[PDB]
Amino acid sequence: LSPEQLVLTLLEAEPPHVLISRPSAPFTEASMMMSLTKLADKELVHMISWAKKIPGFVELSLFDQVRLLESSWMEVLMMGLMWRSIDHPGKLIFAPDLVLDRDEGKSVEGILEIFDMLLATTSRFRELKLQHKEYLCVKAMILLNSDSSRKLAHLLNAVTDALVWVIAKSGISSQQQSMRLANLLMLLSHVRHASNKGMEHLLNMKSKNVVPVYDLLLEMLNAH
């Protein structure tokens, strides 16, 4: 309804953190890939139920709901990971007991590069002092930006309106509000780049048969 009502709806809809145990033995290619893919599969289930709580999303064509989630899921996972990591410099907080840095990254060929992008982008959001209600708006815009087409423009405009409202609550000048909006949205193409590198990496690992049978993750991977 109101921008405030839409932000409170997204706040409530925020998934609970998925719990995964750090392997007992030091990470191998296999235990690292198993930990991340198990996490992704669990988070994807919560992601679907989050999307259904965005006001208007379930009113879109089912084919459009599918296309949006298939297109954006890795970017939505990475935006959430960056938010969970913002209070822990040098760390990627995959889960409360899965706290990784470039050390763990060594265990899987080419994942170090992905971790470096994720840490770098997290630093940019940290330097901008990204706020919880801004994150909520940005994460929904990632999904929605990725007649049903008329409804989707209206849904994206509603979230955009909510983010403009959150920035306004900060009380900075109208010029500074535009610059802050620009700087937040310009960081999303850095999340999108990290997503594309991550997707290519995971597809390559599925080719090697390092990937286990997680039904939903496999379905979402094969959409690329």
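Throughout, we count residues from 1 along the sequence that is shown.
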Next item on the list: Check the entry and tell me how many residues of the deposited sequence have no coordinates between residue 146 and residue 147: none, 1 to 3, 4 to 9, or 10 or more.
Entry: 10 or more
Item checked: Comparing 133 to 141 with 109 to 117, the one whose average Cα B-factor in the PDB entry is higher -> 109 to 117
Notebook entry, point to check: On average, are the C-alpha B-factors higher in 75 to 83 or in 121 to 129?
Noted result: 121 to 129
Checklist line | Residue of maximum C-alpha B factor among 188, 167, 58, 40, per deposited coordinates | finding: 188
Item checked: Entry-reported Cα temperature factor of residue 178, expressed as the chain third it lands in -> lowest
Next item on the list: Tell me, lowest, middle or highest third: where does the Cα B factor of residue 25 rank within its chain?
Entry: highest
Check: Lowest, middle or highest third of the chain for the C-alpha temperature factor of residue 202?
Finding: middle
Notebook entry, point to check: Sorting the chain's CA B-factors, does residue 172 end up in the lowest, middle or highest third?
Noted result: highest
Note to self: How does the C-alpha B factor of residue 18 compare with the rest of the chain: lowest, middle or highest third?
What the structure shows: middle
